[PDB]
Amino acid sequence: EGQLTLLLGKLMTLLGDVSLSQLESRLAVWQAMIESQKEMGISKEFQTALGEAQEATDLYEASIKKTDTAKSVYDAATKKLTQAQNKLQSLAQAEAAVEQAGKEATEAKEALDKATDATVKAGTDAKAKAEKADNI
């Protein structure tokens, strides 16, 4: 009963709402003040600081979506193994399915763990490039 899978699905939603959502917003404020002022005829090296951040934040949209696929990929692997695991002690071929559902699943987690580390990575920087907008 590793329904930490359901907990995780919930953390991903929160990460999306509290991390990614505020970041994307912060930067949207800047783009709209860039445009609202770029119309009154009034940005220089600032648009480099901002360019870089809305790319990290955009790489961070992508990355979360990449770990969210990876987990769907993994949830199929884990439920695959509980089907095979189950109908085996309903009694050599059944014994193999479990070994291979098992292999498919430790592999899915490996890919899942990877896509998380790479999401940890992307957001850590997006946080940073967006704080570096302490331009004067």
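Numbers on residues come from counting from 1 along each chain's written sequence, not from the entry itself, and any residue without coordinates is not displayed. Heavy atoms from the whole structure form the basis of all side-chain values; hydrogens and water molecules are not counted.

- For this deposited structure, the header cites X-ray crystallography as the method used and 2.793 Å as the resolution.

- The name that the PDB entry assigns to the chain is Cell invasion protein sipB, with the source organism given as Salmonella enterica subsp. enterica serovar Typhimurium.

### Regarding the pattern of salt bridges
Part 1 of the argument: Within this document, salt bridges are pairs made up of a side-chain nitrogen of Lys or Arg and a carboxyl oxygen of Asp or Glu, the two lying within 4 Å of each other. In total, this model carries two salt bridges according to the counting rule given.
Part 2 of the argument: Measuring nitrogen to oxygen at the nearest pair gives 3.8 Å for the salt bridge that ties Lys 71 to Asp 75. In this pair, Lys 71 and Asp 75 are both assigned in helix α2 (residues 46–88), four residues apart and thus about one turn of the helix distant. Each member of the pair, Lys 71 as well as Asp 75, is classed as buried. Every helix listed is a DSSP run of H or I at least four residues long, and every strand listed is a run of E at least two residues long, numbered separately from the N terminus. For every residue, the accessible area obtained with a 1.4 Å probe (protein chains only) is divided by the maximum for its type, and the residue is called buried under 20%, exposed over 50%, and partly exposed between those limits.

### Focus: the packing of α2 against helix α3 (residues 93–131)
Part 1 of the argument: Viewed as axis vectors pointing N to C, α2 and α3 meet at an angle of 165 degrees, and their least axial separation amounts to 7 Å. When the axis of α2 is compared with that of α3, the two are roughly antiparallel. The interaxial crossing formed by α2 with α3 has left-handed handedness.
Part 2 of the argument: Just so you know the grouping, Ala, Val, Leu, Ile, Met, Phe, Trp, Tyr, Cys and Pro go in nonpolar, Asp, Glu, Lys and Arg go in charged, and all remaining residues, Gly too, go in polar. Classifying every residue of the contact of α2 with α3 gives 25 nonpolar, eight polar and nine charged. As a rule, the C-alpha atoms of each element are fitted with a line to give its axis, helices using only the stretch in contact, and angles between N-to-C directions run from 0 to 180 degrees. Every angle not falling under 35 degrees, over 145, or within 65 to 115 is termed oblique; those three ranges are roughly parallel, roughly antiparallel and roughly perpendicular. Here a crossing is taken to be left-handed if its near helix is turned anticlockwise relative to the far helix by less than a right angle, and right-handed if that turn runs clockwise.

### Here we look at the environment of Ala 130
Part 1 of the argument: Along the chain, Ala 130 falls in helix α3.
Part 2 of the argument: Pairs of residues are marked as contacts when any of their non-hydrogen atoms sit within 4.5 Å. Beyond its immediate stretch of four places on either side in the chain, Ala 130 contacts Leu 23, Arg 26, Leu 27 and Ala 53.

### A word on the nonpolar core
Part 1 of the argument: In terms of nonpolar packing, the biggest core is built from 14 residues, with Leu 23, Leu 27, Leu 50, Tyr 60, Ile 64, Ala 126 and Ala 130 touching the most fellow members.
Part 2 of the argument: Ranked by residues supplied to this core, first place goes to α2 with six residues.
Part 3 of the argument: When near neighbours in sequence (up to four residues on either side) are disregarded, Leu 23 contacts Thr 57, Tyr 60, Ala 126, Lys 127 and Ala 130.
Part 4 of the argument: Residues enter a nonpolar core if they are buried and are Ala, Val, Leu, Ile, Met, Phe, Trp, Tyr or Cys, with the set joined through side-chain atoms within 4.5 Å. One finds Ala 70, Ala 77, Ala 105 and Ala 108 within the second-largest nonpolar core, a separate group that totals seven residues.

### So, the layout of surface pockets
Part 1 of the argument: Only protein atoms enter the 1 Å grid used here, on which a cavity is any set of points holding a 1.4 Å probe that cannot leave and a pocket is any open set flanked by protein within 12 Å on both sides along at least five of seven lines; residues with an atom within 4 Å of a point are listed as lining. Grid points are joined across faces, edges and corners, and a volume is the space filled by probe spheres set on the points. Each pocket or cavity is described by its volume, and for the largest pocket that value is around 620 Å³.
Part 2 of the argument: Looking at the largest pocket, it is lined by 27 residues, and the ones nearest its centre are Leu 4, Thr 5, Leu 8, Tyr 74 and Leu 112.
Part 3 of the argument: Put simply, the parts of the chain that give the lining of the largest pocket at least two residues each are α1 (4–37), α2 and α3.
Part 4 of the argument: Ranked by residue count, the leading element in the lining of the largest pocket is α3, at ten residues.
Part 5 of the argument: Grouping the amino acids of the lining of the largest pocket by side-chain chemistry returns nine nonpolar, eleven polar and seven charged.

### Observations regarding α3
Part 1 of the argument: Look at α3: 57 Å from first C-alpha to last across 39 residues, which is about the 57 Å you get at 1.5 Å a residue.
Part 2 of the argument: Residues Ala 101, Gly 102, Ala 105, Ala 108, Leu 112, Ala 115, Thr 119, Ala 122, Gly 123, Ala 126 and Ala 130 constitute the buried set of α3.
Part 3 of the argument: Residues of α3 that are buried make contact with α1 and α2. To estimate the expected span of a helix, count its residues, drop one, and scale the result by 1.5 Å.

### Side note on the side chain of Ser 63
Part 1 of the argument: Note that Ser 63 resides in helix α2.
Part 2 of the argument: The residues contacting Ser 63, other than those within four sequence positions of it, are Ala 118, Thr 119 and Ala 122.

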